[PDB]
């Protein structure tokens, strides 16, 4: 049984900012090559994909992050989360997911709620994680 834990704010924001900057840079590179054929709303839907992907993998990422943080010995500083966040942002094969979407013609229908998330600072994108 686990009681709720609240990640230190500076740590959490560091992780988010770095994961999404990486994802976004990767999308920019990918679009440079493949975005030729995409509308604006499809491009926006792929930005939403990046934020969503972080949302539904967050527990997967916190698993890994906490193991790394714990194999540290000492108490973590925000520098440790900026660093783990940047690794995740550049290690994840987002390009494959984008390629799948484009090939299957199943880039998500761009909907109003997706604009709600895309307009936030990446630092504020909400996750649901105890």
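Numbering follows the first chain given and starts at 1. In this text, rigid core is short for the largest set of C-alphas that superpose within 1.5 Å between two forms.
After fitting on the rigid core, which stretch moves more in 7 other deposited structures of this protein, 44-52 or 72-80, going by C-alpha RMS? Clearly, after the core fit, the stretch farther away in 7 other deposited structures of this protein is 72-80.
Would you tell me which stretch averages the higher CA B-factor in the PDB entry, 46-54 or 61-69? Comparing 46-54 with 61-69, the higher average CA B-factor belongs to 61-69.
Stretch with the higher entry mean CA B-factor, where the candidates are 19-27 and 118-126: For C-alpha atoms only, the mean B-factor is higher in 19-27.
What third of its chain's C-alpha B-factors does residue 92 belong to: lowest, middle or highest? According to the entry, residue 92 has a C-alpha B-factor in the chain's middle third.
Should residue 110 be placed in the lowest, middle or highest third of its chain by the C-alpha B factor in the entry? For residue 110, the deposited C-alpha B-factor lands in the middle third.
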